[PDB]
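Colleague:
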Amino acid sequence: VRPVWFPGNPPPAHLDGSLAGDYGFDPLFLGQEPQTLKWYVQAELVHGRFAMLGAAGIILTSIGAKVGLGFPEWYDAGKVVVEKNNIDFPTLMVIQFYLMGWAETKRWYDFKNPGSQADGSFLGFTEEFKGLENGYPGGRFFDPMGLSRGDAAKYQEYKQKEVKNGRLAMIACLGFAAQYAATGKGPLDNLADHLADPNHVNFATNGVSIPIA
Amino acid sequence: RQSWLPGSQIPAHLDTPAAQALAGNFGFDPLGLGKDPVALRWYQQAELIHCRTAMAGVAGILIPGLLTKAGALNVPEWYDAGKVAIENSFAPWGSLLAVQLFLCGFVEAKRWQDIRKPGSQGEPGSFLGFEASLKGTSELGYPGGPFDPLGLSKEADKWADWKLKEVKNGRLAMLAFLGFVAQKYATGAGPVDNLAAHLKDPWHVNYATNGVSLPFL
Amino acid sequence: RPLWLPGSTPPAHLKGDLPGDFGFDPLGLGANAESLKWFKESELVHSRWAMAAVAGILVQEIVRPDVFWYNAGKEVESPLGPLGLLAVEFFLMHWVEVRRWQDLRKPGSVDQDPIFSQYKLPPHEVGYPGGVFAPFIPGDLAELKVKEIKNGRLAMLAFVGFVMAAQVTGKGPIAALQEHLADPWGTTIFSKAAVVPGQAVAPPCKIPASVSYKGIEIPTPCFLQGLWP
Amino acid sequence: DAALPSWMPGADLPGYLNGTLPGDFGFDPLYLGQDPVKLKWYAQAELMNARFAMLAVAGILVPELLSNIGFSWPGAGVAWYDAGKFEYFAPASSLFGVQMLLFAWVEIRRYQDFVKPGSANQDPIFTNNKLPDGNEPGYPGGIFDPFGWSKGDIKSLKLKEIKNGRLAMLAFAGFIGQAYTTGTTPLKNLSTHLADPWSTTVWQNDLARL
């Protein structure tokens, strides 16, 4: 009925199309168990959201780098910020780990006991941490626009858009890493080199991707 | 139910009515050291003694150290006060420690006997008439008589809250002394000096910059 | 019924009740009742603020053609210090915004005058105070409300255009209008820049990166200059 | 949750403040007065701190105001914070001991009357001298009110007392803050701000020293 990752192949039993972006792609059966699939769903959503933020930041910084704005590349921004501003790298790492630890720990214990964070033990906030579904934490803090509490069809469509954009951003980040390790320049520099000559500037002519070329 | 981890499975032994009667019950026992009720009672006594001892020690370290920063006092550092106090003293540290061990052993033995049998210290004809006052209240570790001269434990409405201010504060004091030791082996200065140095530049003076608390960085 | 797209089906959450309802909500940000109630006040405040700002910029340039509006906060000297002016503005704006916010969350609760117990605002809606705030109302209430929301939307887009034209050309609204009327085929944004797969040219930002205001070097950058076409 | 004046019109104030206490405006975002016994103690603490701060602000402002005019006396040019290192007829330690004993006596009497109202309304030396039977903690009356001013509108007078006390407490905190930042007497800061209020502000003064 619904389209799958491999046309003609029947979708697995653990993938019935209830989740967003369900194409029945699981040849290794890594998510056959329900709890394991739940954990992997939250992991994929977090991965896609982080990948989306990273892809947007990398694209914007490379845009500012191509134009005469002085923006450093994404593979040198850390050194530029730490050396330009008197910022201690271990101190920043510890602060980031503290904030991420608090947020991810609350999220983890909410995954173990759904709705437990809504008891009011954190400054009295209750409905802001009640949670809607697995990997979809609705509330006035995470969703102040209230898009998750109205027009169910639009919400499901946005869920499909979010999972697809997340997978695309993950592939984009992997492409950024491979492009930097193979060509040595930024993603927009590679795009300009390819647009200048697409027949001779690609992965088949970089001299690194195909060793027999 | 207040908990040390919202959503974590609270242990069954910490959910009993007797365990919840203790002050500062937050369901924190990942190692299960309080499963045995006798062990839980003994550890509750140990926690109370540690809380009071840590509070007195941290107070004796922090207040004279804060007065030394100002012109109120000239008390040396806590890690150097022993040598300075024993220099111009009337007895060596060995004789003083011997008298200390004797005097502390007597009262700790009496406290141990009362822990083994509550109210047993009130044996008639055993402490020159003072044995009657040596019997504590119904709760172990909360005696009356010579202790608590102001009698602030007679009002029950605040009693349950009073104990909450004794354990929690004590727990904080227990960590405070720990910091006092760690900082001593990390910066080489006193606690008040470490606090001032951190307040001078918090973004570059902490445990992630001394090179001792983070050797991989 | 007027709509933003003739012959189009308006969204289910828009039934043409609120003023200026033209069935335009592709993202569905107004589907929730509470969100729509808050956004209505936000849109009204934005409308009035933008109308006042556009009128101020126009009168400022017409009366004073030598003072740039973008530089209005820089080349204006007053005996009242900038810190004192900021403190006065912060306190007065904080007071009025607190009263408005309290009326939003709790209607009919701050309509009373604290100094004098005899003055009190009459019952009204949220976002439309009335009473002392509306001494003269010439015309129909609903008609004037629709006119207000339409003029506010136009003023909001006008202020955005003012900012962008002042950042791209460095001229005021009247100056930009005259320059555009002089050479319309070569002074539009399409004539100033174009993007192709082999080249990406954008007009330069006429606003300096830093402004020395009493030796502080206030940064004044062009809004998303890297994304400029 | 009533018609009494509030610190935020329309806000949902806590229900334990029913207006019985003087100066009740339902201001407790931290809910420190939830416990009835704690609130009963905090009322007396607020009243004592209020009257003490009132005496403090009066004793800080009156001598500096009198020194700026033709009135003269021994300690006039000395600041409020510099009065400790002044040459008196006795050392500060002796005065400290005397006031500690006197304050201990009166504070123990007040505490005894606080834990049990009317239990300390009798003069220990002269049995005939006494306070009226109707009394509440924090409001002694009797010889403490020789002019009978409390016989009138006691509610409005109590409201005036608590409001003036809160204002004086804030003023004393401001005195401490101004002394620690500006390092000058309060009336001097007042005159400095009165000469040109646009450039003499806390933001400007703190930004100049940054």
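Top line first, the protein sequences correspond to chains r, s, v and t.
Counting from 29, one number per residue, gives the positions in the first sequence under the entry's author numbering.
Counting from 27, one number per residue, gives the positions in the second sequence under the entry's author numbering.
Counting from 29, one number per residue, gives the positions in the third sequence under the entry's author numbering.
Counting from 55, one number per residue, gives the positions in the fourth sequence under the entry's author numbering.
All residues carry an ideal CB built from backbone N, CA and C; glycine is no exception.
1) What residue from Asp62/s, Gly216/s and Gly171/s has the CA that sits closest to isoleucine 89/s's CA?
2) From which residue to which residue does the alpha helix (DSSP H) around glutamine 227/v run?
3) Name the residues in the region 115 to 135 of chain v whose C-beta lies less than 7 angstroms from a C-beta of chain t; which are they?
4) Can the beta-carbon of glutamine 71/s be found closer than 8 angstroms to that of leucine 190/s?
5) May I ask which residues mark the beginning and end of the beta strand (DSSP E) holding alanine 222/v?
6) Whole angstroms are fine: how far does the CA of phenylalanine 204/r sit from the CA of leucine 31/s?
7) Starting from the N-terminal side, write out each stretch of the beta strand (DSSP E) that is 3 residues or longer and does not extend beyond the region 198 to 241 of chain s.
8) Please list the residues of the region 93 to 113 of chain v that have a C-beta atom closer than 8 angstroms to any C-beta atom in chain t, keeping them in chain order.
9) Closer than 8 angstroms is the cut-off here; do at least three beta carbon pairs connect the region 66 to 81 of chain t with the region 188 to 206 of chain t?
10) Buried or exposed for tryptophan 102/r, going by 16 or more other Cβ atoms inside 10 Å?
11) Assign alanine 135/s to buried or exposed, taking buried as 16 or more other Cβ atoms, counted over all protein chains shown, within 10 Å of its Cβ.
12) For a cutoff of 8 angstroms on Cβ pairs, would you count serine 144/r as touching chain s?
13) Which residue's Cα is closest to the Cα of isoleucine 244/v: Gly51/v, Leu55/v, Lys102/v and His74/v?
14) So, is the C-beta of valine 154/v closer than 8 angstroms to a C-beta in chain B?
15) Please determine, among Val224/v, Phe96/v and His41/v, the residue with the shortest C-alpha to C-alpha distance to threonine 197/v.
16) With H, G and I counted as helix, E and B as strand and the rest as coil, what does DSSP make of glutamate 113/s?
17) Scan the region 184 to 200 of chain s for residues whose Cβ lies nearer than 9 angstroms to a Cβ of chain t and list them as they occur along the chain.
18) How many angstroms separate the CA atom of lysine 178/v from the CA atom of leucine 31/v?
19) I'd like to check one pair, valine 82/v with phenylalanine 187/v: are the Cβ atoms closer than 8 angstroms?
20) Can you grab the Cα-Cα spacing for the pair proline 236/v / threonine 248/v, in whole Å?
21) Smallest Cα separation from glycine 254/v: which of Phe99/r, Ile199/r, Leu47/r and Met198/r?
22) Take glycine 50/s and list the residues in its own chain whose beta-carbon comes closer than 6 angstroms to its own, dropping the five residues that flank it on each side.
23) So is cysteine 77/s buried or exposed if we call it buried at 16+ other beta carbons inside 10 Å?
24) Residues of chain r with a CB under 8 angstroms from the CB of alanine 59/v: which are they?
25) Identify the residues that DSSP records as bridge partners of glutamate 161/r: which are they?
26) DSSP on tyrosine 193/t, reduced to helix/strand/coil?
27) Which one or two residues does DSSP pair with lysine 184/t in a beta bridge?
28) Inspect the beta-carbon positions of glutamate 118/t and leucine 224/t and report whether they are closer than 8 angstroms.
29) Looking at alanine 133/t and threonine 239/t, is the spacing between their C-beta atoms short of 8 angstroms?
30) Alpha carbon to alpha carbon, what distance is there between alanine 223/s and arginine 105/t?
31) In whole angstroms, what separates the C-alpha of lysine 184/s from that of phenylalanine 125/r?
32) Exposed or buried, which one is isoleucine 112/s when buried takes at least 16 other CB atoms within 10 Å?
33) Taking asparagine 162/r as the query, report the chain s residues whose CB atoms sit under 7 angstroms from its CB, ordered along the chain.
34) Contact criterion: CB-CB distance below 8 angstroms. Does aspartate 138/r meet it with respect to chain s?
35) Can you confirm whether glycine 231/t, when its beta carbon is compared against all beta carbons of chain v, has any partner nearer than 8 angstroms?
36) For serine 238/v, name the three-state secondary structure that DSSP assigns.
Modeller: Quick answer:
1) Just measuring C-alpha positions, the residue of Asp62/s, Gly216/s and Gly171/s sitting nearest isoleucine 89/s is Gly216/s.
2) That residue, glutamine 227/v, is in no alpha helix (DSSP H); its beta strand (DSSP E) goes 227 to 229.
3) Residues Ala115, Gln130 and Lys134.
4) Taking the C-beta atoms as reference points, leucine 190/s is found no nearer than 8 angstroms to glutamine 71/s.
5) Here the beta strand (DSSP E) through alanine 222/v covers 222 to 224.
6) Annotation: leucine 31/s to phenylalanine 204/r spans about 39 angstroms, alpha carbon to alpha carbon.
7) The DSSP assignment places no complete beta strand (DSSP E) segment of no fewer than 3 residues inside the region 198 to 241 of chain s.
8) Flagged, chain order: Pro107, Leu108, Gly109, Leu111, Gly112 and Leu113.
9) These segments do not touch.
10) Here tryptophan 102/r is buried, its C-beta having at least 16 other C-beta atoms within 10 Å.
11) That one is exposed.
12) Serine 144/r counts as touching chain s.
13) Ranked by how close their Cα comes to the Cα of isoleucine 244/v, the residues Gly51/v, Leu55/v, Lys102/v and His74/v have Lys102/v in first place.
14) Within the model displayed, chain B is absent; protein chains r, s, v and t are what it includes.
15) Among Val224/v, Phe96/v and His41/v, the Cα nearest to that of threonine 197/v is on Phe96/v.
16) DSSP places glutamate 113/s within a helical segment (H, G or I) once states are collapsed to three.
17) Listed by position along the chain: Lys184 and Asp187.
18) Going by the C-alpha atoms only, they are around 13 angstroms apart.
19) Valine 82/v sits close to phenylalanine 187/v, with the two beta carbons spaced by under 8 angstroms.
20) When rounded, the separation of the alpha-carbon atoms in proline 236/v and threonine 248/v is 7 angstroms.
21) Among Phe99/r, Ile199/r, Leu47/r and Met198/r, the Cα nearest to that of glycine 254/v is on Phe99/r.
22) Non-local C-beta neighbours of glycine 50/s in its own chain, meaning closer than 6 angstroms and more than five positions away in sequence, comprise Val193 and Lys194, ordered along the chain.
23) Its Cβ being crowded by 16 or more others within 10 Å, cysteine 77/s is buried.
24) Neighbours of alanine 59/v across chain r, judged by C-beta separation under 8 angstroms: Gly174, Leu175, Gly178, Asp179 and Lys182.
25) Residue pairing by DSSP puts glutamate 161/r in a beta bridge opposite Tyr164/r.
26) If DSSP states are grouped into helix, strand and coil, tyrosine 193/t belongs with the strands.
27) Answer is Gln176/t, bridged to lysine 184/t.
28) Note that the C-beta distance between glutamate 118/t and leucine 224/t is not below 8 angstroms.
29) Yes, these two residues count as a Cβ contact at 8 angstroms.
30) Distance between the alpha carbons of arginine 105/t and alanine 223/s: 39 angstroms.
31) Rounded to the nearest whole angstrom, the C-alpha separation of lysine 184/s and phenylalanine 125/r is 40 angstroms.
32) Counting Cβ neighbours within 10 Å, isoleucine 112/s comes out exposed, since fewer than 16 surround it.
33) Near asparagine 162/r there are no residues of chain s at all, since even the closest Cβ is about 15 angstroms away, more than 7 angstroms.
34) At a cut-off of 8 angstroms, the C-beta of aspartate 138/r has a neighbouring C-beta in chain s.
35) No Cβ of chain v is located within less than 8 angstroms of the beta carbon of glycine 231/t.
36) Under the three-state reduction of DSSP output, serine 238/v falls in the strand class.
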